[PDB]
>>> print(open('start.cif').read())   # mmCIF, N, CA and C atoms
data_input
loop_
_atom_site.label_atom_id
_atom_site.label_comp_id
_atom_site.auth_asym_id
_atom_site.auth_seq_id
_atom_site.Cartn_x
_atom_site.Cartn_y
_atom_site.Cartn_z
N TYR A 449 -7.20 -25.13 8.15
CA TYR A 449 -5.97 -25.57 7.46
C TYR A 449 -6.21 -26.60 6.34
N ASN A 450 -7.47 -26.90 5.99
CA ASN A 450 -7.80 -27.84 4.91
C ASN A 450 -7.43 -27.30 3.51
N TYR A 451 -7.47 -25.98 3.32
CA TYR A 451 -7.05 -25.33 2.08
C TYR A 451 -5.53 -25.13 2.01
N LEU A 452 -4.97 -25.27 0.81
CA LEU A 452 -3.53 -25.25 0.54
C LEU A 452 -3.20 -24.51 -0.76
N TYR A 453 -1.97 -24.01 -0.85
CA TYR A 453 -1.34 -23.51 -2.07
C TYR A 453 0.14 -23.94 -2.10
N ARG A 454 0.72 -24.04 -3.29
CA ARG A 454 2.14 -24.33 -3.50
C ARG A 454 2.96 -23.06 -3.30
N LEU A 455 3.91 -23.10 -2.36
CA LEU A 455 4.81 -21.99 -2.03
C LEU A 455 6.06 -21.94 -2.93
N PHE A 456 6.58 -23.09 -3.36
CA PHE A 456 7.78 -23.18 -4.21
C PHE A 456 7.57 -24.09 -5.42
N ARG A 457 8.18 -23.77 -6.57
CA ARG A 457 8.39 -24.71 -7.68
C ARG A 457 9.69 -24.40 -8.42
N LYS A 458 10.40 -25.43 -8.90
CA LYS A 458 11.68 -25.28 -9.65
C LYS A 458 11.52 -24.71 -11.06
N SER A 459 10.31 -24.69 -11.61
CA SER A 459 9.97 -23.96 -12.84
C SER A 459 8.49 -23.55 -12.86
N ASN A 460 8.16 -22.51 -13.63
CA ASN A 460 6.79 -22.01 -13.78
C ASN A 460 5.87 -23.06 -14.42
N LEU A 461 4.60 -23.07 -14.02
CA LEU A 461 3.55 -23.85 -14.67
C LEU A 461 3.21 -23.29 -16.06
N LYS A 462 2.96 -24.19 -17.01
CA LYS A 462 2.41 -23.87 -18.34
C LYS A 462 0.89 -23.61 -18.24
N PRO A 463 0.24 -23.03 -19.27
CA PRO A 463 -1.19 -22.71 -19.21
C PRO A 463 -2.07 -23.93 -18.93
N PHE A 464 -2.97 -23.82 -17.95
CA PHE A 464 -3.80 -24.92 -17.44
C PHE A 464 -3.02 -26.19 -17.05
N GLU A 465 -1.73 -26.09 -16.74
CA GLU A 465 -0.99 -27.20 -16.13
C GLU A 465 -1.44 -27.40 -14.67
N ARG A 466 -1.40 -28.64 -14.19
CA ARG A 466 -1.84 -29.05 -12.85
C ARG A 466 -0.78 -29.97 -12.24
N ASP A 467 -0.45 -29.79 -10.96
CA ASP A 467 0.69 -30.48 -10.36
C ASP A 467 0.45 -30.80 -8.88
N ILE A 468 0.27 -32.09 -8.59
CA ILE A 468 -0.02 -32.62 -7.25
C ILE A 468 1.28 -33.00 -6.48
N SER A 469 2.46 -32.90 -7.10
CA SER A 469 3.74 -33.35 -6.51
C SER A 469 4.08 -32.69 -5.17
N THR A 470 4.54 -33.48 -4.20
CA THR A 470 4.98 -33.01 -2.87
C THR A 470 6.46 -33.28 -2.60
N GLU A 471 7.27 -33.46 -3.65
CA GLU A 471 8.73 -33.61 -3.55
C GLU A 471 9.39 -32.37 -2.90
N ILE A 472 10.44 -32.60 -2.10
CA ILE A 472 11.11 -31.56 -1.31
C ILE A 472 11.89 -30.57 -2.18
N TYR A 473 11.72 -29.28 -1.90
CA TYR A 473 12.30 -28.17 -2.66
C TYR A 473 13.65 -27.72 -2.09
N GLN A 474 14.72 -27.92 -2.86
CA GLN A 474 16.08 -27.48 -2.53
C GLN A 474 16.24 -25.97 -2.76
N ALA A 475 16.04 -25.16 -1.73
CA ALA A 475 16.13 -23.70 -1.82
C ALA A 475 17.58 -23.17 -1.78
N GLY A 476 18.50 -23.89 -1.13
CA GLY A 476 19.92 -23.54 -1.04
C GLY A 476 20.78 -24.17 -2.15
N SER A 477 22.08 -23.87 -2.15
CA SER A 477 23.07 -24.50 -3.06
C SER A 477 23.47 -25.93 -2.67
N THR A 478 23.02 -26.42 -1.50
CA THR A 478 23.38 -27.73 -0.93
C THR A 478 22.24 -28.74 -1.12
N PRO A 479 22.49 -29.95 -1.65
CA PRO A 479 21.45 -30.92 -2.01
C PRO A 479 20.71 -31.50 -0.79
N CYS A 480 19.45 -31.89 -1.00
CA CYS A 480 18.52 -32.31 0.06
C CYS A 480 18.34 -33.83 0.22
N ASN A 481 18.66 -34.61 -0.82
CA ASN A 481 18.62 -36.09 -0.81
C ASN A 481 17.28 -36.70 -0.34
N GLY A 482 16.16 -36.02 -0.63
CA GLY A 482 14.80 -36.43 -0.23
C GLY A 482 14.39 -36.07 1.20
N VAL A 483 15.22 -35.33 1.94
CA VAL A 483 14.96 -34.89 3.32
C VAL A 483 15.73 -33.61 3.65
N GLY A 485 13.26 -30.20 5.88
CA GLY A 485 14.33 -29.63 6.71
C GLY A 485 14.78 -28.23 6.27
N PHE A 486 15.80 -27.69 6.94
CA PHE A 486 16.34 -26.36 6.66
C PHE A 486 16.86 -26.27 5.21
N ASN A 487 16.42 -25.25 4.46
CA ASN A 487 16.66 -25.08 3.02
C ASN A 487 16.21 -26.24 2.11
N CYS A 488 15.39 -27.15 2.64
CA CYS A 488 14.87 -28.34 1.96
C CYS A 488 13.38 -28.47 2.30
N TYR A 489 12.56 -27.61 1.69
CA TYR A 489 11.21 -27.34 2.19
C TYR A 489 10.13 -28.22 1.54
N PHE A 490 9.16 -28.68 2.34
CA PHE A 490 7.92 -29.26 1.83
C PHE A 490 7.11 -28.17 1.10
N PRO A 491 6.63 -28.40 -0.14
CA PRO A 491 6.29 -27.30 -1.04
C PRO A 491 4.87 -26.73 -0.87
N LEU A 492 3.98 -27.37 -0.12
CA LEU A 492 2.59 -26.92 0.06
C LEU A 492 2.37 -26.29 1.45
N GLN A 493 1.66 -25.17 1.50
CA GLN A 493 1.38 -24.39 2.72
C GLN A 493 -0.08 -23.92 2.77
N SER A 494 -0.56 -23.51 3.94
CA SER A 494 -1.97 -23.14 4.16
C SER A 494 -2.15 -21.68 4.57
N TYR A 495 -3.27 -21.07 4.15
CA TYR A 495 -3.70 -19.74 4.60
C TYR A 495 -4.20 -19.71 6.06
N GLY A 496 -4.65 -20.86 6.60
CA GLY A 496 -5.16 -20.96 7.97
C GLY A 496 -6.35 -20.03 8.26
N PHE A 497 -7.36 -19.98 7.37
CA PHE A 497 -8.38 -18.93 7.37
C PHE A 497 -9.17 -18.79 8.68
N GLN A 498 -9.26 -17.56 9.20
CA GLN A 498 -9.95 -17.21 10.45
C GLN A 498 -11.02 -16.13 10.21
N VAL B 350 15.82 -5.05 22.99
CA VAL B 350 14.78 -5.01 21.94
C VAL B 350 13.92 -3.74 21.95
N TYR B 351 13.78 -3.03 23.07
CA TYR B 351 13.09 -1.72 23.05
C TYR B 351 13.89 -0.66 22.26
N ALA B 352 15.23 -0.71 22.36
CA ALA B 352 16.18 0.21 21.73
C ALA B 352 16.80 -0.34 20.42
N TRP B 353 16.09 -1.24 19.72
CA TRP B 353 16.61 -2.03 18.59
C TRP B 353 17.52 -1.24 17.63
N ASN B 354 18.72 -1.76 17.37
CA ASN B 354 19.75 -1.07 16.60
C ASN B 354 19.53 -1.31 15.09
N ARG B 355 19.35 -0.24 14.33
CA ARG B 355 19.19 -0.24 12.87
C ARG B 355 20.48 0.17 12.18
N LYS B 356 20.87 -0.62 11.17
CA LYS B 356 21.88 -0.27 10.17
C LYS B 356 21.16 0.11 8.88
N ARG B 357 21.53 1.24 8.27
CA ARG B 357 21.12 1.63 6.91
C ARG B 357 22.30 1.40 5.96
N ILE B 358 22.06 0.65 4.89
CA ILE B 358 23.03 0.33 3.83
C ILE B 358 22.68 1.15 2.58
N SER B 359 23.68 1.81 2.01
CA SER B 359 23.59 2.64 0.81
C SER B 359 24.90 2.58 0.01
N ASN B 360 24.84 2.83 -1.30
CA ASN B 360 26.00 2.98 -2.19
C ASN B 360 26.99 1.79 -2.06
N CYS B 361 26.46 0.56 -2.10
CA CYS B 361 27.14 -0.68 -1.72
C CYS B 361 26.50 -1.91 -2.40
N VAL B 362 27.19 -3.05 -2.54
CA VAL B 362 26.57 -4.30 -3.05
C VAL B 362 26.37 -5.34 -1.95
N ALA B 363 25.13 -5.78 -1.76
CA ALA B 363 24.70 -6.60 -0.63
C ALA B 363 24.34 -8.02 -1.08
N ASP B 364 25.16 -9.00 -0.70
CA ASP B 364 24.86 -10.41 -0.95
C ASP B 364 23.90 -10.99 0.09
N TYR B 365 22.79 -11.58 -0.35
CA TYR B 365 21.90 -12.36 0.51
C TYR B 365 22.19 -13.86 0.45
N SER B 366 22.92 -14.35 -0.56
CA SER B 366 23.22 -15.77 -0.69
C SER B 366 24.09 -16.28 0.46
N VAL B 367 25.05 -15.49 0.96
CA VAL B 367 25.77 -15.80 2.20
C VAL B 367 24.84 -15.91 3.42
N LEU B 368 23.73 -15.16 3.43
CA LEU B 368 22.74 -15.21 4.51
C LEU B 368 21.86 -16.46 4.41
N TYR B 369 21.29 -16.77 3.23
CA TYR B 369 20.40 -17.94 3.10
C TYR B 369 21.14 -19.28 2.99
N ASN B 370 22.37 -19.34 2.45
CA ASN B 370 23.15 -20.59 2.43
C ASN B 370 23.80 -20.94 3.78
N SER B 371 23.98 -19.98 4.69
CA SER B 371 24.64 -20.26 5.98
C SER B 371 23.78 -21.17 6.87
N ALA B 372 24.38 -22.24 7.39
CA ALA B 372 23.74 -23.15 8.34
C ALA B 372 23.55 -22.54 9.75
N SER B 373 24.12 -21.36 10.01
CA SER B 373 24.20 -20.72 11.33
C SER B 373 22.86 -20.34 11.97
N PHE B 374 21.80 -20.18 11.18
CA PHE B 374 20.56 -19.55 11.64
C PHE B 374 19.48 -20.57 11.99
N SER B 375 18.94 -20.46 13.21
CA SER B 375 17.85 -21.29 13.72
C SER B 375 16.51 -21.00 13.03
N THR B 376 16.36 -19.84 12.38
CA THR B 376 15.23 -19.52 11.49
C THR B 376 15.66 -18.54 10.39
N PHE B 377 15.11 -18.71 9.19
CA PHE B 377 15.21 -17.79 8.06
C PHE B 377 13.86 -17.76 7.32
N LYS B 378 13.27 -16.57 7.15
CA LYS B 378 11.95 -16.36 6.52
C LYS B 378 11.96 -15.08 5.67
N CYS B 379 11.10 -14.99 4.66
CA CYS B 379 10.92 -13.78 3.86
C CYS B 379 9.45 -13.52 3.51
N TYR B 380 9.12 -12.25 3.31
CA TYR B 380 7.77 -11.75 3.05
C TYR B 380 7.81 -10.76 1.88
N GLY B 381 6.82 -10.83 0.98
CA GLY B 381 6.75 -10.02 -0.24
C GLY B 381 7.78 -10.35 -1.34
N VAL B 382 8.86 -11.07 -1.03
CA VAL B 382 9.95 -11.44 -1.96
C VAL B 382 10.31 -12.92 -1.82
N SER B 383 10.65 -13.59 -2.92
CA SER B 383 11.31 -14.90 -2.86
C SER B 383 12.75 -14.76 -2.34
N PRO B 384 13.20 -15.58 -1.37
CA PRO B 384 14.59 -15.56 -0.90
C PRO B 384 15.60 -15.88 -2.02
N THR B 385 15.23 -16.72 -3.00
CA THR B 385 16.10 -17.06 -4.14
C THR B 385 16.29 -15.90 -5.11
N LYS B 386 15.34 -14.96 -5.16
CA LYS B 386 15.33 -13.81 -6.08
C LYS B 386 16.13 -12.61 -5.55
N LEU B 387 16.35 -12.51 -4.24
CA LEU B 387 16.97 -11.35 -3.56
C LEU B 387 18.25 -10.84 -4.24
N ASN B 388 19.16 -11.75 -4.62
CA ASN B 388 20.44 -11.39 -5.23
C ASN B 388 20.33 -10.72 -6.62
N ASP B 389 19.18 -10.78 -7.30
CA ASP B 389 18.98 -10.11 -8.59
C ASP B 389 18.52 -8.64 -8.43
N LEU B 390 18.07 -8.24 -7.24
CA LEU B 390 17.36 -6.97 -7.02
C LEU B 390 18.27 -5.78 -6.70
N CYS B 391 17.75 -4.57 -6.93
CA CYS B 391 18.35 -3.30 -6.53
C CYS B 391 17.32 -2.42 -5.80
N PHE B 392 17.78 -1.64 -4.83
CA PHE B 392 16.98 -0.83 -3.90
C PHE B 392 17.65 0.52 -3.64
N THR B 393 16.88 1.54 -3.28
CA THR B 393 17.42 2.85 -2.88
C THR B 393 18.19 2.75 -1.57
N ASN B 394 17.61 2.06 -0.58
CA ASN B 394 18.25 1.71 0.68
C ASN B 394 17.89 0.26 1.05
N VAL B 395 18.73 -0.33 1.90
CA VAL B 395 18.43 -1.58 2.60
C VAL B 395 18.66 -1.34 4.09
N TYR B 396 17.78 -1.87 4.94
CA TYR B 396 17.83 -1.69 6.39
C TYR B 396 17.97 -3.04 7.09
N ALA B 397 18.82 -3.11 8.11
CA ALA B 397 18.93 -4.27 8.99
C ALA B 397 18.72 -3.88 10.46
N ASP B 398 17.69 -4.45 11.09
CA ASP B 398 17.24 -4.12 12.44
C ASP B 398 17.57 -5.28 13.39
N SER B 399 18.31 -5.01 14.47
CA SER B 399 18.97 -6.04 15.28
C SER B 399 18.63 -5.92 16.77
#
>>> encode(input="start.cif", output="structure tokens")
Amino acid sequence: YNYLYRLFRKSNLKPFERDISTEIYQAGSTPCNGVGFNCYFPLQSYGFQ
Amino acid sequence: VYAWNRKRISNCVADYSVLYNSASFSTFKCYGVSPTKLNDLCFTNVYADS
């Protein structure tokens, strides 16, 4: 689980853009206020086996 | 669950935003598609397995 990729972003990356941000992603129409369901942490792992 | 009931949807308009915005569900997940993109798409059939 040491390897990671970004699952969500509010806009596409530009060419050779790099982004370390871990701010919560509002997937629904209802605001997240920095904290869950439809309010997702944006980095996930392949869990390689 | 051995006899799982399938609905086939055809010739109809299917909203997923009522499904993903609803607080009712203890889990919601998607594979091969973004959940935010679903409402823009069109398909020959849609299936719901229950």
>>> resolve_selection(input="start.cif", expression="the PyMOL selection byres ((chain A) within 8 of (chain B))", output="PDB file with N, CA and C atoms, keeping the file's coordinate frame")
ATOM      1  N   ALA A 475      16.040 -25.160  -1.730  1.00  0.00           N
ATOM      2  CA  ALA A 475      16.130 -23.700  -1.820  1.00  0.00           C
ATOM      3  C   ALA A 475      17.580 -23.170  -1.780  1.00  0.00           C
ATOM      4  N   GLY A 476      18.500 -23.890  -1.130  1.00  0.00           N
ATOM      5  CA  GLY A 476      19.920 -23.540  -1.040  1.00  0.00           C
ATOM      6  C   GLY A 476      20.780 -24.170  -2.150  1.00  0.00           C
ATOM      7  N   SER A 477      22.080 -23.870  -2.150  1.00  0.00           N
ATOM      8  CA  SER A 477      23.070 -24.500  -3.060  1.00  0.00           C
ATOM      9  C   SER A 477      23.470 -25.930  -2.670  1.00  0.00           C
ATOM     10  N   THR A 478      23.020 -26.420  -1.500  1.00  0.00           N
ATOM     11  CA  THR A 478      23.380 -27.730  -0.930  1.00  0.00           C
ATOM     12  C   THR A 478      22.240 -28.740  -1.120  1.00  0.00           C
ATOM     13  N   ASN A 487      16.420 -25.250   4.460  1.00  0.00           N
ATOM     14  CA  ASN A 487      16.660 -25.080   3.020  1.00  0.00           C
ATOM     15  C   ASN A 487      16.210 -26.240   2.110  1.00  0.00           C
TER      16      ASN A 487
END
>>> resolve_selection(input="start.cif", expression="the PyMOL selection byres ((chain A and resi 450) around 8)", output="short mmCIF file (atom, residue, chain, number, x, y, z; two decimals) with N, CA and C atoms, in the coordinates of the input")
data_model
loop_
_atom_site.label_atom_id
_atom_site.label_comp_id
_atom_site.auth_asym_id
_atom_site.auth_seq_id
_atom_site.Cartn_x
_atom_site.Cartn_y
_atom_site.Cartn_z
N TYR A 449 -7.20 -25.13 8.15
CA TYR A 449 -5.97 -25.57 7.46
C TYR A 449 -6.21 -26.60 6.34
N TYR A 451 -7.47 -25.98 3.32
CA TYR A 451 -7.05 -25.33 2.08
C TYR A 451 -5.53 -25.13 2.01
N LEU A 452 -4.97 -25.27 0.81
CA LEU A 452 -3.53 -25.25 0.54
C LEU A 452 -3.20 -24.51 -0.76
N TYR A 453 -1.97 -24.01 -0.85
CA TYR A 453 -1.34 -23.51 -2.07
C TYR A 453 0.14 -23.94 -2.10
N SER A 494 -0.56 -23.51 3.94
CA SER A 494 -1.97 -23.14 4.16
C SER A 494 -2.15 -21.68 4.57
N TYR A 495 -3.27 -21.07 4.15
CA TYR A 495 -3.70 -19.74 4.60
C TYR A 495 -4.20 -19.71 6.06
N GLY A 496 -4.65 -20.86 6.60
CA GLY A 496 -5.16 -20.96 7.97
C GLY A 496 -6.35 -20.03 8.26
N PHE A 497 -7.36 -19.98 7.37
CA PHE A 497 -8.38 -18.93 7.37
C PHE A 497 -9.17 -18.79 8.68
#
>>> atom_distance(input="start.cif", atom1="atom N of residue 355 (chain B)", atom2="CA of residue 395 (chain B)")
11.8 Å
>>> closest_residue(input="start.cif", among="B:381, B:389, B:351, B:396", to="residue 365 (chain B)", atoms="only C-alpha atoms")
B:389
>>> atom_distance(input="start.cif", atom1="CA of residue 479 (chain A)", atom2="CA of residue 455 (chain A)")
18.9 Å
>>> resolve_selection(input="start.cif", expression="the PyMOL selection byres ((chain A and resi 466-474) around 8)", output="list in words")
residues 456, 457, 458, 461, 462, 463, 464, 465, 475, 476, 477, 478, 479, 480, 481, 482, 483, 485, 486, 487, 488, 489, 490, 491 and 492 of chain A
>>> axis_aligned_box(input="start.cif", around="region 378-394 of chain B", padding_each_side="5 Å", output="AutoDock Vina command-line options")
--center_x 13.6 --center_y -7.1 --center_z -0.7 --size_x 23.7 --size_y 29.9 --size_z 25.7
>>> decode(input="start.cif", residues="region 454-488 of chain A", atoms="N, CA and C atoms", output="compact mmCIF listing (two decimals), in the first residue's frame")
# COMPACT_ATOMS: atom_id res chain seq x y z
N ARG A 454 -4.03 9.46 -7.55
CA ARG A 454 -5.18 10.34 -7.33
C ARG A 454 -6.41 9.80 -8.05
N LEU A 455 -7.48 9.53 -7.31
CA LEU A 455 -8.76 9.02 -7.81
C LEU A 455 -9.69 10.13 -8.33
N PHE A 456 -9.68 11.32 -7.70
CA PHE A 456 -10.53 12.45 -8.07
C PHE A 456 -9.74 13.76 -8.21
N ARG A 457 -10.14 14.63 -9.15
CA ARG A 457 -9.73 16.05 -9.16
C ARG A 457 -10.85 16.92 -9.75
N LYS A 458 -11.02 18.14 -9.23
CA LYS A 458 -12.06 19.10 -9.69
C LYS A 458 -11.77 19.71 -11.07
N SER A 459 -10.54 19.60 -11.58
CA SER A 459 -10.19 19.92 -12.97
C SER A 459 -8.98 19.10 -13.44
N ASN A 460 -8.85 18.92 -14.75
CA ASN A 460 -7.74 18.18 -15.37
C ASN A 460 -6.39 18.87 -15.11
N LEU A 461 -5.33 18.08 -14.96
CA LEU A 461 -3.95 18.58 -14.92
C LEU A 461 -3.50 19.10 -16.29
N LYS A 462 -2.74 20.20 -16.28
CA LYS A 462 -2.03 20.73 -17.45
C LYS A 462 -0.76 19.91 -17.74
N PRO A 463 -0.12 20.04 -18.91
CA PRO A 463 1.05 19.24 -19.26
C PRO A 463 2.21 19.39 -18.27
N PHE A 464 2.76 18.27 -17.79
CA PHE A 464 3.76 18.20 -16.72
C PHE A 464 3.39 18.97 -15.44
N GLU A 465 2.11 19.22 -15.18
CA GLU A 465 1.66 19.71 -13.87
C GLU A 465 1.79 18.61 -12.80
N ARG A 466 2.07 19.01 -11.56
CA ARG A 466 2.28 18.11 -10.41
C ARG A 466 1.49 18.63 -9.22
N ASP A 467 0.82 17.75 -8.48
CA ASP A 467 -0.13 18.18 -7.45
C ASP A 467 -0.15 17.21 -6.25
N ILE A 468 0.38 17.68 -5.12
CA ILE A 468 0.50 16.92 -3.87
C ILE A 468 -0.73 17.11 -2.95
N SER A 469 -1.70 17.97 -3.31
CA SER A 469 -2.85 18.33 -2.46
C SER A 469 -3.70 17.13 -2.02
N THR A 470 -4.09 17.08 -0.75
CA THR A 470 -4.96 16.04 -0.17
C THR A 470 -6.29 16.60 0.36
N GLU A 471 -6.71 17.78 -0.11
CA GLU A 471 -8.01 18.38 0.22
C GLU A 471 -9.19 17.47 -0.20
N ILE A 472 -10.25 17.45 0.60
CA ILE A 472 -11.41 16.57 0.43
C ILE A 472 -12.25 16.92 -0.81
N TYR A 473 -12.60 15.91 -1.60
CA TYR A 473 -13.32 16.05 -2.86
C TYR A 473 -14.84 15.92 -2.68
N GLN A 474 -15.56 17.02 -2.93
CA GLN A 474 -17.02 17.08 -2.89
C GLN A 474 -17.63 16.44 -4.16
N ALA A 475 -17.97 15.15 -4.10
CA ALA A 475 -18.52 14.42 -5.24
C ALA A 475 -20.03 14.66 -5.46
N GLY A 476 -20.77 14.98 -4.39
CA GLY A 476 -22.21 15.29 -4.45
C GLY A 476 -22.51 16.79 -4.62
N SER A 477 -23.80 17.14 -4.71
CA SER A 477 -24.26 18.55 -4.74
C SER A 477 -24.23 19.26 -3.37
N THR A 478 -23.94 18.53 -2.29
CA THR A 478 -23.96 19.03 -0.90
C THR A 478 -22.53 19.28 -0.40
N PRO A 479 -22.22 20.46 0.18
CA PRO A 479 -20.86 20.85 0.56
C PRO A 479 -20.28 20.02 1.72
N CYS A 480 -18.95 19.89 1.74
CA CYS A 480 -18.22 19.00 2.66
C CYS A 480 -17.57 19.69 3.87
N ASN A 481 -17.35 21.01 3.80
CA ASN A 481 -16.82 21.84 4.89
C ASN A 481 -15.50 21.32 5.52
N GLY A 482 -14.64 20.69 4.71
CA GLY A 482 -13.37 20.09 5.14
C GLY A 482 -13.46 18.70 5.78
N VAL A 483 -14.64 18.08 5.80
CA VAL A 483 -14.88 16.74 6.36
C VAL A 483 -16.09 16.08 5.70
N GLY A 485 -15.55 11.53 4.39
CA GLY A 485 -16.90 11.05 4.62
C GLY A 485 -17.69 10.73 3.34
N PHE A 486 -18.96 10.35 3.49
CA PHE A 486 -19.83 10.01 2.37
C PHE A 486 -20.00 11.19 1.40
N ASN A 487 -19.76 10.96 0.10
CA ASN A 487 -19.69 11.98 -0.96
C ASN A 487 -18.67 13.12 -0.74
N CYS A 488 -17.74 12.94 0.20
CA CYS A 488 -16.70 13.89 0.58
C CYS A 488 -15.38 13.13 0.75
